[PDB]
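Here's the structure, in structure tokens; my notes come after.
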Amino acid sequence: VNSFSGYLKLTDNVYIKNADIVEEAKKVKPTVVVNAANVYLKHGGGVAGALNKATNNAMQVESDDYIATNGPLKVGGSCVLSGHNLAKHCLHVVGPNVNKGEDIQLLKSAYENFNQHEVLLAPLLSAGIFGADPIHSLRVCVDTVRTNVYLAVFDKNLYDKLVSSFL
Ligand SMILES: O=C(O)C[C@@H](NC(=O)c1ncnc2[nH]ccc12)c1ccc(Br)cc1
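Each number in the entry's author numbering comes from the position in the sequence shown (counting from 1) with 2 added on.
Here it is as structure tokens:
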């Protein structure tokens, strides 16, 4: 038993809701919240900009130190950093950004990072400003992630569509 509430069950291990991941995070304090990161951990907009804003820019300060030490992530890769006031940990996962021309097949590799964590609150990778089809991101998620994933979908109209087209 865990503390997520109002999610619809899509599969044995994937759940979905219409929620603001920032607000869901501040209420659940999940062990892991997933950031929709880029390779530079520059959290300017989308989910990343919102999560970072909710941390009063502490996420960005920590991220800049990480990059200065380690260099950029790989597309499809991830790193674990602090969750600040939102979670114990933030898993920064880089899905491919279609608006940069990155290979959508890397989306499966991105979701594989979720399997290193028993339970996660996450957005749909490569959705939103990353330019991928969220219905596809959902199919890859379901077919790749084996751990328990609680997906927060900000847009109500999209949430209803994700639901009604799901197989
Ligand atoms: O859910 C959606 O509409 C898709 C969109 N999501 C979010 O912008 C999101 N999601 C959850 N909480 C949030 N608070 C604020 C934004 C937000 C998205 C955009 C870019 C990438 Br890359 C991946 C996903």
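For every residue, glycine included, the Cβ atom is placed at its ideal position computed from N, Cα and C.
Three-state secondary structure assigned by DSSP to residue i
| i | result |
| --- | --- |
| residue 70 | helix |
| residue 112 | helix |
| residue 147 | coil |
| residue 153 | strand |
| residue 165 | helix |
| residue 122 | strand |
| residue 3 | coil |
| residue 12 | coil |
| residue 133 | coil |
| residue 127 | coil |
Option nearest residue i by Cα separation, candidates the options
| i | options | result |
| --- | --- | --- |
| residue 60 | 119, 45, 23, 16 | 45 |
| residue 86 | 98, 131, 109, 62 | 62 |
| residue 77 | 148, 136, 109, 71 | 109 |
| residue 53 | 68, 36, 140 | 36 |
| residue 38 | 7, 8, 6, 82 | 82 |
| residue 3 | 25, 32, 19, 24 | 32 |
| residue 116 | 34, 22, 11 | 34 |
| residue 148 | 162, 131, 118 | 118 |
| residue 138 | 123, 113, 122, 49 | 113 |
| residue 30 | 133, 20, 57, 90 | 90 |
| residue 145 | 24, 74, 122, 111 | 111 |
Exposed unless 16 or more other CB atoms sit within 10 angstroms - verdict on residue i
| i | result |
| --- | --- |
| residue 27 | buried |
| residue 169 | exposed |
| residue 70 | exposed |
| residue 13 | exposed |
| residue 120 | exposed |
| residue 5 | exposed |
| residue 65 | buried |
| residue 130 | buried |
| residue 128 | buried |
Nearest-angstrom beta carbon gap, residue j and residue i [assumed within contact, 8 angstroms]
| i | j | result |
| --- | --- | --- |
| residue 1 | residue 153 | Past the edges of the chain, shown from 3 to 169, lies residue 1, and the structure says nothing about it. |
Starting from the N-terminal side, write out each stretch of the alpha helix (DSSP H) that is 4 residues or longer and does not extend beyond the segment 18-105. Here the runs fully enclosed are 23-30, 48-56, 60-72.
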